[PDB]
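Participant: Protein chains in written order, with the entry's author numbering: chain A, 1 to 436; chain K, 63 to 75; chain I, 22 to 36; chain B, 1 to 427; chain D, 1 to 427; chain J, 10 to 145, 155 to 164.
Here you go, one structure.
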Amino acid sequence: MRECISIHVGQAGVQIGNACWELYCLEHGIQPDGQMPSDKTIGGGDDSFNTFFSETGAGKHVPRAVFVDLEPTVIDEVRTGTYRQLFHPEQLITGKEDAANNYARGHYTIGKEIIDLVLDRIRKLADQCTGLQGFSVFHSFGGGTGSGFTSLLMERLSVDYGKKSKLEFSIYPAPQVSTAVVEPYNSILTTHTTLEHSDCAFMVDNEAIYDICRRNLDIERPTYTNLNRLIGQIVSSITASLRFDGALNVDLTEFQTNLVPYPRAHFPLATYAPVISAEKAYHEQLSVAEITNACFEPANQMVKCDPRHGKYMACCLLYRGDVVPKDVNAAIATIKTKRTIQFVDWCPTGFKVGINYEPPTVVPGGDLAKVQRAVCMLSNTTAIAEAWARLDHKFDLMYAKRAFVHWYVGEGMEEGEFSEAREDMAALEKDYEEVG
Amino acid sequence: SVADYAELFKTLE
Amino acid sequence: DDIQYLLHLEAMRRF
Amino acid sequence: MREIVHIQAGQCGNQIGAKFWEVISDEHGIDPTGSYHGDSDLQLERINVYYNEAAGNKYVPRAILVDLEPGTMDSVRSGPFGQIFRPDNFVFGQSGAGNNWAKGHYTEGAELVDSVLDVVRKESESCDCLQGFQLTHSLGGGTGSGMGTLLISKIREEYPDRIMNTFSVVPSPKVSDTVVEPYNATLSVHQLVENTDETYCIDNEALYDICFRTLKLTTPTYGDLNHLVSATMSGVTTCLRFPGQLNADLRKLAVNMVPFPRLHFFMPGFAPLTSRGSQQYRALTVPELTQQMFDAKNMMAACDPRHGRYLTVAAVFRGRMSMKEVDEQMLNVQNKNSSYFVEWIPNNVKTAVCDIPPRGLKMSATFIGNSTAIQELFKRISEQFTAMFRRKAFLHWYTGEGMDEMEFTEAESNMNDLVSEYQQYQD
Amino acid sequence: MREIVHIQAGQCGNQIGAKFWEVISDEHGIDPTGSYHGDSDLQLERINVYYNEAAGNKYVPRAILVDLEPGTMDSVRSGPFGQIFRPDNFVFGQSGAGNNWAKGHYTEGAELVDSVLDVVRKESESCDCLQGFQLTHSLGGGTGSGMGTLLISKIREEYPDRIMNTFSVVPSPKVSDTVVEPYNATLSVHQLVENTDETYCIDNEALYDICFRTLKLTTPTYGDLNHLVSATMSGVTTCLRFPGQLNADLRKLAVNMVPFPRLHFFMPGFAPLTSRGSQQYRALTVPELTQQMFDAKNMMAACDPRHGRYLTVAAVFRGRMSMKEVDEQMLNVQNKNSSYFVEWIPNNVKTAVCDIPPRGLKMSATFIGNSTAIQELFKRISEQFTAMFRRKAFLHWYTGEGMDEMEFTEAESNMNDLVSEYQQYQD
Amino acid sequence: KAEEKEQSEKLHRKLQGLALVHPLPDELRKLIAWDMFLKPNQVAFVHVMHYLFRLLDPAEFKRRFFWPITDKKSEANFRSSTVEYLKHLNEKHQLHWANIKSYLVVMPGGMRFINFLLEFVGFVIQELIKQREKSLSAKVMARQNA
């Protein structure tokens with residue numbers, strides 16, 4: 001088997017994780033107690049879901065997950081919620097004191113007290129794997145636990161598991177939903193320290209998700225529950241090739257090999273279609289050609305940038321549900337003739353296409369309609385550097401006056417680490433420009 | 063003119 | 022005219 | 001006897017190989033349990049070429065199923081004929097190749113290869129007179145491309161005097177899983193040039209354009225493409241599987257089709273083109289079959305035969321027809337189009353007829369052309385390779401497995417040398 | 001053998017062509033499935049002239065169905081004999097001609113013409129000895145007029161030695177779809193003068209006046225007009241389809257009927273005139289048939305034969321009759337009316353008899369006259385043309401397709417030159 | 010008719026100019042005239058296109074076209090291939106040629122055809138200029163040379 005361990009770090013990672021695991025249970029027919037009543041195979045049926053679940057000797061399917069937060073509040077909601085019986089109590093790790101929106105407190109101070117406990121719990125899950133592939137880490141760039149504890153964790157995972165792939169699902173901070181002023185600092189510091197440890201990182205801009213919920217779901221003011229349900233569909237579409245029998249991206253190493261030509265340029269732009277409100281569920285079903293054309297519209301992207309200002313290094317189209325390869329090829333040919341799609345000269349103008357026949361599932365009473373077919377486009381494009389430049393500009397404005405720096409130095413972080421992290425981000429922006 | 067160049071090409075030969 | 026220019030270039034080359 | 005050992009490597013190889021076995025088992029009157037239920041002795045006369053006889057008058061394919069991941073092979077075992085295969089001949093890894101030729105050739109496939117060779121040896125030791133090997137694989141992937149060429153090289157080391165034949169699926173951007181397919185294909189073409197005697201070039205571009213333009217399928221699936229491949233493979237292998245005027249073996253075919261040792265890449269074709277489940281109520285005439293089999297629209301390599309010359313041609317007609325009408329139509333095509341055949345190979349067009357038609361047709365024709373026009377397929381892969389290679393795009397996936405950039409430069413040059421060699425004999 | 005390729009172009013051409021095939025299939029004992037169920041060997045002796053033999057003793061029309069819109073062709077396919085036609089021979093556009101000759105000739109029809117010629121070539125390559133072509137079309141419309149004359153010109157380029165025959169429906173204000181019919185007709189008549197060997201002038205005015213005045217139909221439909229045309233087409237083609245004293249081909253007919261290369265416009269006639277579903281219980285006598293076939297009321301061109309002279313006449317009698325009585329009555333008409341025949345063409349009246357009558361009659365006569373009186377039809381079109389052209393009325397529909405006004409002035413003058421040439425030989 | 014004549018003369022000048030750099034084949038030399046496309050002229054069309062395509066890309070011409078034309082079939086193929094190649098060029102170089110339709114090839118002649126051909130010839134000339142520029155008054159040159 002080819003097992004994957006999911007790690008959910010801080011409030012954002014835990015809340016996204018909780019929404020993703022609800023959706024995985026619904027897609028595999030697992031009940032909130034971990035029972036699977038359609039599983040007539042007391043033994044090895046379609047063993048593909050054993051990538052993310054472990055069967056216990058009581059017929060209970062338990063997630064290969066660890067949840068970590070430095071405060072108890074968000075994990076206590078998981079311990080008391082609908083899926084409280086799904087997880088083992090040892091997988092739900094809580095501190096007493098939080099990182100207070102400070103990277104340095106999350107990395108050096110409070111993170112150092114809890115890290116060895118987290119690594120012991122991860123090791124207990126790794127020891128239950130016959131062929132551990134890697135890790136999927138869920139965190140926020142802006143929050144102190146999501147930044148500082150994740151960098152410390154990613155370093156220690158590279159030491160203990162240096163041949164195992166590490167995928168990230170990172171929440172990029174947005175002003176409209178932002179809880180801290182220092183979110184740019186936390187984001188630059190964590191991106192610098194995780195850059196050499198990640199094999200592939202899926203950025204999710206909260207501003208992009210918020211605008212999709214407003215425009216496509218008609219929600220005047222999206223909550224984190226609305227955002228996390230949409231994020232859960234994208235994450236589910238990315239992981240669907242690892243959870244079900246399929247032809248493309250059947251392991252974590254295939255993601256790096258298909259999407260990441262250069263080790264530093266490991267940030268694929270995700271785009272998901274269709275996003276339709278549950279009230280519009282009885283409308284005309286979108287064709288394969290319409291949903292594929294919606295992947296090249298900036299209004300449906302997971303990061304706010306314009307791929308028309310950059311180049312494509314790689315492009316993967318992951319279809320789910322009622323999709324035939326003939327109609328996909330006809331859609332791609334129509335898109336290549338009508339759209340400005342500039343690939344880099346040294347990379348083949350090739351789309352990798354995955355089709356999983358399992359239709360998209362939606363959470364009952366969620367904001368999303370049941371659709372017959374969906375597509376997730378994963379594209380490595382130089383236009384994602386527009387998100388780095390926006391973060392770097394906010395960093396530079398505050399750092400030029402040393403605003404808030406004393407909170408990080410007060411936790412024992414050196415002022416030089418800000419300059420080093422900013423220099424590495426300037427090198428990353430230049431790497432993207434030289435490729436573009 | 064085109065005729066001028068025709069004459070020039072003769073001269074060049 | 023584009024043709025005269027071409028002829029001019031050719032003439033220059035040959036010259 | 002005259003035995004063949006079949007190998008099917010990776011996802012595409014196992015899917016096409018499984019469809020080939022389904023088609024020929026039905027032509028031989030063999031059920032999914034390995035039992036014979038035919039009505040003609042001609043179905044059994046040469047069955048030993050592809051089947052072993054087992055206890056209780058059962059026929060078991062001399063087939064070896066190879067993959068670096070279990071998913072395709074479990075799908076084959078659950079398939080309509082999945083129980084006919086010898087269970088010991090399912091050799092598989094767990095790590096997968098991840099569409100990487102270096103993983104198939106140097107790493108994951110190099111750990112599994114000795115276990116495959118032990119099954120190859122066990123099947124070969126049971127043959128009375130082994131003719132050779134046939135491989136089904138794709139050149140775009142990791143397992144079929146990298147591990148398939150490693151297996152070919154190891155079989156040629158252990159059995160240097162035996163014929164090696166391949167059904168090689170060539171990648172196209174129209175039917176692409178990954179952007180690195182040109183790298184995998186160029187690295188594999190270099191290994192085929194040195195280590196095979198016959199390579200059937202099956203272009204996914206040609207198969208897609210046949211399904212879409214000719215068969216009017218608006219959204220062709222891999223199942224529709226594999227239908228065309230399995231019909232062509234049945235066609236090509238007909239002279240090995242049934243008695244006929246040419247008691248063919250693989251070596252007689254190679255000696256007739258290959259004038260130069262490096263120029264063994266064939267363009268296969270089939271007539272009439274049918275879609276899965278569409279019954280043609282009208283049988284074609286012999287002139288209509290002969291005209292269709294030489295039409296570029298019936299070729300499974302996306303090259304125009306009018307852009308080159310035929311070195312050699314084999315034509316296999318199937319079904320009850322006037323053999324005189326076949327010769328008259330074949331001579332009519334040659335005499336009208338003589339410029340498209342090389343003059344320095346006299347009588348380079350060979351024709352065979354078999355009375356047993358394929359299922360659902362009364363008559364069919366299979367075409368095999370060694371044409372200099374096949375250089376267009378290699379030029380198209382070369383252009384896609386160089387477009388990425390000039391930027392070292394995606395090379396980190398291969399150098400991470402221990403490949404040098406010089407191995408890519410050698411494979412690019414050897415493929416350009418093959419294109420130049422085809423151009424020399426065209427002129 | 002002596003094969004003919006049939007073409008039917010546009011709405012009117014396909015409707016008349018479908019009725020022609022229905023009538024002759026029934027005379028040959030061919031059912032809507034292409035199977036023979038006749039009782040006489042004479043029905044099969046010359047069937048190959050219009051039919052191809054197919055697998056399982058099926059007869060398939062050598063017919064090519066052409067339109068710029070699908071609507072008429074779907075109606076033909078759903079019709080009583082719609083399944084007898086080769087499916088590959090349905091060649092159609094989607095844009096339509098919109099009753100515009102320029103769309104049929106220069107634009108929409110020029111995009112489709114090569115696809116029609118490929119079907120023409122495929123049917124012609126299957127003939128042992130192709131005599132020529134027959135076209136059914138209307139001169140008032142866009143497709144039949146403009147694309148039909150483009151097809152004629154292209155067939156004459158590819159087959160310059162083969163006979164080109166047309167059944168040309170001439171427009172009339174009594175049976176008019178659009179005011180631009182005189183423009184389409186004048187432009188097409190110019191192309192017929194240069195590119196055809198035989199043109200049967202079928203005037204919608206004459207057909208309407210026959211249905212109304214003679215057959216007493218108060219509201220004639222296109223179905224009643226097409227009944228008369230299909231009976232006349234069966235009559236004219238009888239000497240090609242059945243054995244007789246004149247083993248006729250198209251070239252022998254043209255050589256006998258056309259003294260001057262431009263004067264090949266014929267007035268067809270039929271006797272007795274019958275309406276669809278009306279059984280005539282009384283067979284006519286030979287004198288009554290001969291008198292009716294020379295009556296202007298039985299002519300399908302609205303000209304008076306007494307206003308001109310006959311250059312040549314062909315008369316085809318059908319059914320069991322005294323051939324002596326036929327000759328005596330034909331000589332009686334000539335000797336009494338000798339002034340209406342030119343004296344400088346000796347024995348310019350030819351007569352044939354076939355024992356096989358058309359369905360529902362015991363005896364019939366078909367008339368074909370090359371008469372200088374046909375100039376009245378061209379004068380009537382010329383007057384309607386000039387009445388609009390002097391004001392440049394409606395020309396923007398043609399100049400929008402890229403036509404010059406000078407092409408109209410040339411076509412008007414060439415049609416007036418044809419009228420003057422007919423007047424010269426009248427005097 | 011006056012405009013048509015002027016454009017036709019312009020076309021003739023451009024073709025004459027091209028002939029000074031690249032000689033015309035014998036067959037085409039006899040056909041070349043200022044009024045050769047005032048009326049539909051299929052024969053001149055074939056030879057002019059042949060000449061221009063070879064100037065543009067001889068290799069591509071050899072690949073796409075069969076020459077010389079020997080029969081009706083080959084002629085039809087030449088027209089079809091011409092339309093296809095022109096479309097390809099239009100796309101590749103973004104020339105924005107409108108209505109590259111079958112009619113240009115069926116009855117080559119008239120104002121519309123002459124304008125098209127002028128544009129095409131212009132394009133060919135531009136490509137040649139680029140080549141020559143990379144590689145690198156007529157009266158003064160002539161006198162100096164002498």
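Beta carbons: idealized from backbone N, C-alpha and C, even for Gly.
Which residues in chain J have a C-beta closer than 8 Å to the C-beta of K/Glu69? List them in chain order.
Facilitator: Position 7 of the second sequence holds residue 69 of chain K. Result: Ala156, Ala160.
Participant: If we call anything under 8 Å between Cβ atoms a contact, is A/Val275 one with A/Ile212?
Facilitator: Position 275 of the first sequence, counted from the start, is the residue given in the question as residue 275 of chain A. Position 212 of the first sequence, counted from the start, is the residue given in the question as residue 212 of chain A. The answer is yes: Cβ separation under 8 Å.
Participant: Of all the options A/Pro175, A/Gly13, A/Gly134, which has the alpha carbon lying nearest to the alpha carbon of A/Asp160?
Facilitator: Position 160 of the first sequence holds residue 160 of chain A. Comparing Cα-Cα distances from A/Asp160 to each of A/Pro175, A/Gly13, A/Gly134, the minimum goes to A/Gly134.
Participant: Compute the distance between the beta-carbons of D/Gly269 and D/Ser138, then report whether it is under 8 Å.
Facilitator: On the fifth sequence, position 269 is the one that residue 269 of chain D refers to. On the fifth sequence, position 138 is the one that residue 138 of chain D refers to. Contact flag unset, no.
Participant: Please list the terminal residues of the continuous beta strand (DSSP E) segment that includes B/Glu53.
Facilitator: Locating residue 53 of chain B in the fourth sequence gives position 53, where the first residue counts as 1. Unbroken beta strand (DSSP E) run through B/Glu53: 51-54.
Participant: Run through the region 57-132 of chain A for me and flag every whole alpha helix (DSSP H) of 4 or more residues, listed as ranges in chain order.
Facilitator: Counting whole runs of 4 or more residues, the region 57-132 of chain A contains the alpha helix (DSSP H) stretches 73-80, 110-126.
Participant: Identify whether A/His28 lies in helix, strand or coil by the three-state DSSP scheme.
Facilitator: In the first sequence, the residue the question calls residue 28 of chain A occupies position 28. Three-state result, A/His28: helix.
Participant: Mapping DSSP to helix, strand and coil, what is D/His137?
Facilitator: Position 137 of the fifth sequence holds residue 137 of chain D. The answer is strand: DSSP assigns D/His137 an E or B state.
Participant: Tell me which residue opens and which closes the alpha helix (DSSP H) that J/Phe62 is part of.
Facilitator: Looking up residue 62 of chain J in the sixth sequence gives position 53. Start and end: 51-65.
Participant: Within the same chain, show all residues whose beta-carbon is closer than 8 Å to that of B/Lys362, passing over the 5 residues directly before and after it, in chain order.
Facilitator: Locating residue 362 of chain B in the fourth sequence gives position 362, counting from the first residue. The answer, listed in chain order, is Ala283, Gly319, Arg320.
Participant: Listed in chain order, which residues of the region 20-42 of chain J have Cβ atoms closer than 8 Å to some Cβ of chain K?
Facilitator: Those residues of the region 20-42 of chain J that come within reach of chain K (Cβ to Cβ, closer than 8 Å) are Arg22, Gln25, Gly26, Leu29.
Participant: Any contact between the region 303-315 of chain D and the region 367-380 of chain D? By contact I mean 3 or more CB pairs, one from each, below 8 Å.
Facilitator: Yes, the region 303-315 of chain D is in contact with the region 367-380 of chain D.
Participant: Should the region 212-231 of chain A be regarded as contacting the region 183-200 of chain A, the criterion being three or more beta carbon pairs within less than 8 Å?
Facilitator: With the cut-off at 8 Å, the region 212-231 of chain A and the region 183-200 of chain A do not touch.
Participant: Candidates A/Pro261, A/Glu22, A/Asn228, A/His406: which alpha carbon is nearest B/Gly400's?
Facilitator: Counted from its first residue, the fourth sequence places residue 400 of chain B at position 400. When only C-alpha atoms are compared, the closest one is A/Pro261.
Participant: Mind pulling the beta strand (DSSP E) runs of 3 or more residues that sit fully within the region 350-399 of chain A?
Facilitator: DSSP runs (the beta strand (DSSP E)) wholly in the region 350-399 of chain A: 351-356, 373-381.
Participant: What are the boundary residues of the beta strand (DSSP E) that A/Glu168 is part of?
Facilitator: Your numbering for residue 168 of chain A matches position 168 in the first sequence. Its beta strand (DSSP E) spans residues 165-172.
Participant: Looking only at its own chain, which residues have a Cβ that is under 6 Å from the Cβ of D/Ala365, when we skip the five neighbours before and after it?
Facilitator: To locate residue 365 of chain D, count along the fifth sequence from 1; it is residue 365. Cβ neighbours of D/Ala365 beyond the five flanking positions: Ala271, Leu289, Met293, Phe317.
Participant: So, for A/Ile355: in the same chain, excluding its five sequence neighbours on each side, which residues have a beta-carbon less than 6 Å away from its beta-carbon?
Facilitator: For this step, residue 355 of chain A is matched to residue 355 along the first sequence. Closer than 6 Å at Cβ, skipping near neighbours: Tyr319, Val323.
Participant: In terms of DSSP beta bridges, what is D/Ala314 paired with?
Facilitator: Taking the first residue of the fifth sequence as 1, we reach residue 314 of chain D at position 314. For D/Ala314, which the question treats as bridged, DSSP gives the partners D/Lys350, D/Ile368.
Participant: Nearest chain K C-beta to I/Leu30 closer than 8 Å, yes or no?
Facilitator: Taking the third sequence and counting its residues from 1, one reaches residue 30 of chain I at position 9. Judged by the 8 Å Cβ criterion, I/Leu30 is not in contact with chain K.
Participant: Determine the chain B residues that contact A/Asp251 at a beta-carbon separation under 7 Å, and present them in chain order.
Facilitator: The residue labelled residue 251 of chain A in the question sits at position 251 within the first sequence. Chain B residues near A/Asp251: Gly96, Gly98.
Participant: D/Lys103 to D/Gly13, Cα distance in whole Å?
Facilitator: Sequence index remark: in the fifth sequence, residue 103 of chain D carries index 103 (1-based). Sequence index remark: in the fifth sequence, residue 13 of chain D carries index 13 (1-based). Each residue's alpha carbon lies about 17 Å from the other.
Participant: Pick from A/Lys311, A/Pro32, A/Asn50, A/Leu70: whose alpha carbon is nearest that of A/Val9?
Facilitator: Numbered from its first residue, the first sequence carries residue 9 of chain A at position 9. Among A/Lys311, A/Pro32, A/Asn50, A/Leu70, the Cα nearest to that of A/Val9 belongs to A/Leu70.
Participant: Which partner residues of D/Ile30 appear in the DSSP bridge assignment?
Facilitator: Locating residue 30 of chain D in the fifth sequence gives position 30, where the first residue counts as 1. Bridge partners of D/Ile30: D/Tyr36.
Participant: Please name the residue or residues paired with D/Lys58 in a DSSP beta bridge.
Facilitator: Translated into positions along the fifth sequence, residue 58 of chain D becomes position 58. Paired residues: D/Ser35, D/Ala54.
Participant: Taking the alpha-carbon of J/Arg38 as reference, which of J/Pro49, J/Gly26, J/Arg72 has the nearest alpha-carbon?
Facilitator: Residue mapping note: residue 38 of chain J aligns to position 29 of the sixth sequence, counting from 1. That would be J/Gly26, whose Cα lies nearest to the Cα of J/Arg38.
Participant: Does J/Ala164 get closer than 8 Å to chain K when you measure Cβ to Cβ?
Facilitator: By 1-based counting over the sixth sequence, the position of residue 164 of chain J is 146. For J/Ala164, the answer is yes, since a Cβ of chain K falls inside 8 Å of its Cβ.
Participant: In chain order, what are the residue ranges of uninterrupted alpha helix (DSSP H) at least 4 long that sit wholly in the region 202-276 of chain A?
Facilitator: With a minimum length of 4 residues, the continuous alpha helix (DSSP H) runs that stay inside the region 202-276 of chain A are 206-216, 224-243, 252-259.
Participant: Quick one: is J/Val52 buried, meaning 16 or more other Cβ sit within 10 Å of its Cβ, or exposed?
Facilitator: In the sixth sequence, the residue the question calls residue 52 of chain J occupies position 43. Result: exposed.
Participant: In terms of alpha-carbon separation, which member of D/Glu328, D/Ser25, D/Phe260 lies closest to D/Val60?
Facilitator: In the fifth sequence, residue 60 of chain D corresponds to position 60, counting from 1. It is D/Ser25.
Participant: How is the beta strand (DSSP E) around B/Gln8 delimited, first residue to last?
Facilitator: As a first step, residue 8 of chain B is located in the fourth sequence; it is residue number 8 there, counting from the start. Taken as a continuous stretch (DSSP letters only), the beta strand (DSSP E) holding B/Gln8 covers 3-9.
Participant: Does DSSP put J/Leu40 in a helix, a strand or coil?
Facilitator: Locating residue 40 of chain J in the sixth sequence gives position 31, counting from the first residue. Here J/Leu40 sits in coil by DSSP.
Participant: Give the straight-line distance between the Cα atoms of D/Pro32 and D/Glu22, rounded to the nearest whole angstrom.
Facilitator: Here residue 32 of chain D refers to the residue found at position 32 of the fifth sequence. Here residue 22 of chain D refers to the residue found at position 22 of the fifth sequence. Between D/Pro32 and D/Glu22, the C-alpha separation is close to 8 Å.
Participant: Run down chain B in chain order and give the residues with a C-beta less than 8 Å from the C-beta of A/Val353.
Facilitator: Locating residue 353 of chain A in the first sequence gives position 353, where the first residue counts as 1. Result: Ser176, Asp177.
Participant: Use the C-beta contact count for A/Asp116: other C-beta atoms within 10 angstroms, 16 or more gives buried, fewer gives exposed.
Facilitator: Taking the first sequence and counting its residues from 1, one reaches residue 116 of chain A at position 116. A/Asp116 is exposed by the Cβ-count criterion.
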